[PDB]
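Reading through the structure tokens given below for one structure.
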Amino acid sequence: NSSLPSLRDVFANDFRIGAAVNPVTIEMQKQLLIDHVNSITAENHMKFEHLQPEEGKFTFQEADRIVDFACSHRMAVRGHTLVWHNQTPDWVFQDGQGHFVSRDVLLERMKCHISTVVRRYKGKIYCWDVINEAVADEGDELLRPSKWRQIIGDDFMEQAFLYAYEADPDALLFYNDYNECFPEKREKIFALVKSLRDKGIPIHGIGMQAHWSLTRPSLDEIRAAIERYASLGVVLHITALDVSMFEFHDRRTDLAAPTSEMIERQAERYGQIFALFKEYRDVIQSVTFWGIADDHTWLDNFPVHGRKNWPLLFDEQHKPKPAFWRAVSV
Ligand SMILES: O[C@@H]1[C@@H](O)[C@H](O[C@@H]2CO[C@@H](O)[C@H](O)[C@H]2O)OC[C@H]1O
Ligand SMILES: O[C@@H]1[C@@H](O)[C@H](O[C@@H]2CO[C@@H](O)[C@H](O)[C@H]2O)OC[C@H]1O
Ligand code: NA
């Protein structure tokens with residue numbers, strides 16, 4: 001590493017380089033983070049269930065640890081995430097009888113949560129994924145079904161953004177989602193954000209999760225999505241980048257190690273990805289990987305539980321992979 005290029009420095013004039021972490025991985029991959037990133041995202045500890053597990057009971061300990069680590073190393077922090085159909089406790093949508101609360105009650109709870117969480121980290125966290133994955137990933141419908149939407153109505157997103165803006169008007173507020181480059185979903189996301197923006201809703205950016213594979217999405221699809229979203233006048237952040245060695249249909253579990261072909265194609269894939277990102281440096285301001293080294297990745301258990309994946313730039317021994325060299329040489 002002594003002579004190894006530093007990711008954040010390599011892209012100093014293009015965009016921040018980040019990593020999703022948790023207190024455990026911060027310790028386990030501490031030096032890698034210190035040497036390469038200038039932005040941090042909580043992989044799970046800033047999600048609803050990990051911040052307010054019970055009404056009125058806030059558990060900021062793990063999140064505080066992540067933020068402290070970031071600030072002590074002059075690293076920016078992205079807040080993930082306020083309103084999502086996943087990892088949100090049941091109490092949020094129920095009353096005493098266990099029945100669903102009303103629209104006004106859920107809005108009160110939403111505002112209180114957003115207000116409390118956002119205010120605590122105001123001045124330390126510069127952006128927030130306010131709404132996460134609201135768009136349907138399948139079907140002809142625009143929106144995915146969720147208790148938030150069901151109880152409040154389709155304007156639940158408008159309210160979420162307004163609440164966050166009030167809590168910290170200096171923060172950049174994002175709509176974050178995956179499969180953001182497949183045409184059908186891209187158009188739904190574009191339509192949604194455009195509609196919010198056309199209503200004066202304070203949404204400042206679109207978060208492209210980029211949970212990609214070696215083949216999907218294509219570079220043309222990525223370029224088209226970047227341009228389509230950028231045309232709305234919003235800032236763009238790649239928020240959870242990883243390049244899986246397995247396509248969606250590939251559910252093998254025997255592979256103890258990636259083939260030379262996989263490693264080679266991944267290197268090419270990452271080089272092409274970053275060449276494209278650099279080309280659009282004017283609209284892309286941050287690129288965060290959902291992790292940093294192959295010794296820790298949510299893809300080891302998703303979508304197939306119990307297997308192993310090698311989706312990042314560094315291997316399990318924290319050594320640069322072929323993908324690292326192509327990525328930093330664009
Ligand atoms: O649960 C979500 C995953 O489904 C998502 O991964 C996508 C699954 O569908 C595939 O067709 C896509 O290629 C893949 O990106 O990642 C985000 C996670 O929250
Ligand atoms: O440890 C796991 C996390 O890595 C995972 O993070 C999700 C990745 O996919 C994105 O679509 C989501 O927004 C992001 O929260 O969540 C589950 C957790 O067990
Ligand atoms: Na930029």
Side-chain angles (χ1 to χ4, degrees), residues 8 10-25 38-39 41-51 62 66 76 78-88 128-137 139 144 146 172 174-186 189 205 207-218 221-222 225-226 230 234-251 274 276-292 296-305 309 311-312:
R8 60 163 179 274
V10 168
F11 296 108
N13 295 154
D14 305 309
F15 33 66
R16 283 185 180 276
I17 292 297
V21 307
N22 60 48
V24 174
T25 62
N38 52 11
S39 184
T41 300
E43 174 174 30
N44 283 300
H45 298 288
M46 278 192 197
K47 290 172 178 173
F48 208 114
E49 63 178 18
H50 290 297
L51 292 185
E62 301 285 46
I66 293 171
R78 301 192 76 265
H80 179 78
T81 176
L82 303 167
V83 181
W84 186 30
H85 61 283
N86 284 153
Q87 290 177 266
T88 300
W128 269 97
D129 292 332
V130 178
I131 294 298
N132 194 46
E133 305 171 9
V135 170
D137 192 51
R144 170 199 296 277
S146 77
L172 293 177
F174 288 70
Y175 168 76
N176 193 60
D177 212 341
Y178 63 101
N179 284 172
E180 69 302 309
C181 297
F182 299 156
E184 170 176 345
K185 195 169 186 183
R186 178 198 69 213
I189 293 174
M208 298 174 67
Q209 280 184 38
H211 282 306
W212 300 335
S213 70
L214 295 173
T215 302
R216 314 192 69 178
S218 68
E221 294 182 314
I222 298 175
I226 292 178
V234 298
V235 300
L236 295 181
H237 281 191
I238 301 305
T239 64
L241 177 68
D242 42 32
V243 177
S244 175
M245 291 298 205
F246 301 104
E247 293 301 325
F248 184 71
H249 62 257
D250 192 342
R251 301 308 177 75
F274 276 88
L276 189 57
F277 288 168
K278 189 178 186 66
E279 200 182 318
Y280 290 87
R281 56 191 287 283
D282 295 315
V283 293
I284 294 178
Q285 295 318 320
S286 176
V287 178
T288 295
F289 296 73
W290 209 239
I292 189 168
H296 177 82
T297 172
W298 72 301
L299 293 175
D300 279 345
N301 292 299
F302 186 84
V304 179
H305 186 292
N309 211 319
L312 309 157

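Start at 1 with the first residue, then count along the sequence. Whatever order the structure lists them in is the order used to number ligands and atoms, beginning at 1.
Within the coordination shell of the Na ion (ligand 3), defined by N, O or S atoms under 3.0 Å, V283 is absent. Contact annotation: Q285 places an N, O or S atom under 3.0 Å from the Na ion (ligand 3). For the Na ion (ligand 3), the N/O/S atoms of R281 include one lying under 3.0 Å. Coordination check, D14 versus the Na ion (ligand 3): passed, since an N/O/S atom of the residue sits under 3.0 Å.
Within the 4.5 Å cutoff, no side-chain heavy atoms of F15 are placed close to those of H237.
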For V21 and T41, what are the C-alpha separation, side-chain angles and deciding distance, and is it a side chain to side chain contact (heavy atoms under 4.5 Å, CB included)?
CA-CA 6 Å; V21 307; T41 300; over 6 Å; no
Stepwise side chain to side chain donor-acceptor pair (under 3.5 Å) test for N44 and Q87:
CA-CA 9 Å; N44 283 300; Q87 290 177 266; 3.1 Å; yes
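Within the 3.5 Å criterion, the main-chain N or O of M46 finds no donor-acceptor partner in the side chain of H80.
Interface of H80 with ligand 2, defined as ligand atoms under 4.0 Å from a residue heavy atom, comprises 13 (O), 14 (C), 15 (O). Residue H211 approaches ligand 1 through these ligand atoms, each under 4.0 Å from one of its heavy atoms: 15 (O), 16 (O), 17 (C). Close contacts of ligand 2 with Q87, meaning ligand atoms under 4.0 Å from a residue heavy atom, involve 16 (O), 17 (C). Those atoms of ligand 1 that come under 4.0 Å of a heavy atom in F302, given as number and element, are 1 (O), 3 (C), 4 (O). Applying the 4.0 Å criterion to heavy atoms of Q209 picks out, from ligand 1, the atoms 17 (C). Atoms of ligand 1 found under 4.0 Å from any heavy atom of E133 (numbered from 1 in listed order, with element): 19 (O).
Here the closest heavy-atom approach between residue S39 and residue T288 is recorded as OG-OG1, 4.4 Å.
At the shortest separation from atom 2 (C) of ligand 2 among protein heavy atoms lies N44 ND2, 3.4 Å. Nearest non-hydrogen protein atom to atom 5 (C) of ligand 2 is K47 NZ, 3.6 Å. In terms of protein heavy atoms, atom 6 (O) of ligand 1 is closest to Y178 CD1, 3.8 Å. For atom 13 (O) of ligand 2, the nearest non-hydrogen atom of the protein is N132 ND2, 3.0 Å.
To the nearest 0.5 Å, atoms NZ (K185) and CG (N179) are separated by 5.0 Å.
Under 4.0 Å from ligand 2, not a single heavy atom of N86 appears. The proximity of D129 to ligand 2, defined as any non-hydrogen pair under 4.0 Å, does not occur for either the backbone or the side chain.
The pair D129-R78 meets the salt-bridge criterion, with a side-chain N (NZ, NE, NH1 or NH2) lying under 4.0 Å from an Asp/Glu carboxylate O.
The N/O atoms of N179, backbone and side chain alike, include one that comes under 3.5 Å of an N/O atom in ligand 1. Backbone and side-chain nitrogen or oxygen atoms of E43 are examined, and one is located within less than 3.5 angstrom of a nitrogen or oxygen of ligand 2.
Aromatic pair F274/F11: ring centres closer than 6.0 Å. Taking the six-membered ring for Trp, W290 and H296 have ring centres at least 6.0 Å apart.
Looking at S213 and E247, their side chains do bring a donor and an acceptor atom within 3.5 Å of each other. There is no side-chain donor-acceptor pair under 3.5 Å between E49 and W84. Side-chain atoms of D300 and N309 include no donor-acceptor pair closer than 3.5 Å.
The closest non-hydrogen atom to atom 18 (C) of ligand 1, taken over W298, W84, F248, comes from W298.
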